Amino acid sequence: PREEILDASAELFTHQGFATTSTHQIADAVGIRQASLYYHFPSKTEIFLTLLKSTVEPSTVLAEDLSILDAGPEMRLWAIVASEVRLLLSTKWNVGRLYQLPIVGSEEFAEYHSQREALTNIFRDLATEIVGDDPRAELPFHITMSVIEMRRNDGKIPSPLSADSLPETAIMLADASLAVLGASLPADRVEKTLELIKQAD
């Protein structure tokens, strides 16, 4: 029930934006009364904040586990990029699209800002391990987020989460993120990250 409301909200917010969307629309989309929505969420801001968090929280939690990979920065950066893109592709709606809404900057979404800042920092310092004090350390994060401009947004999931497979687009973008730094690709990178994903459970 909660999951349904969040999905319907993603659909409305990605197509109409935040300002234009009412809670009335969200209730009708899900086929429930406005009262039963109010029970699960007080306002459309709370819903929006929950969506934004859902797209960065899981990857920051994952980046805890990166040091336990007994591996170099290239491998660690590849795995993070790939698993981030994996999550962005695992959803019914293109919820990553939401960060581009101008509303997101406001102080209400401070919890989201902090998580985004944490993630951005993890990407950057890993890249700095590879190229040092170079402006290219900025690129891997932006290449990762470019998938939001690539995927579908019609309710069908681009790539459902598999225990034993990474989607081609995640492999591409992760390969591309090391390529811009001039880093060589670890041969075992796909298994190694699938392994890491598996022992986050």
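Position 1 is the first residue in the sequence shown; the rest follow in order.
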item	value
Comparing 127-135 with 85-93, the one whose average Cα B-factor in the PDB entry is higher	127-135
Of 2-10 and 192-200, the stretch whose C-alpha atoms average the higher B-factor in the entry	192-200
Residue with highest C-alpha B-factor in the PDB entry, from 29, 157, 61, 173	61
C-alpha B-factor winner, where the candidates are 146, 67, 169, 153	67
Chain-wide C-alpha B factor ranking for residue 184, given as lowest, middle or highest third	highest
Residue 77 by Cα B-factor - lowest, middle or highest third of the modelled chain	lowest
B-factor third for the C-alpha atom of residue 114 within its chain	highest
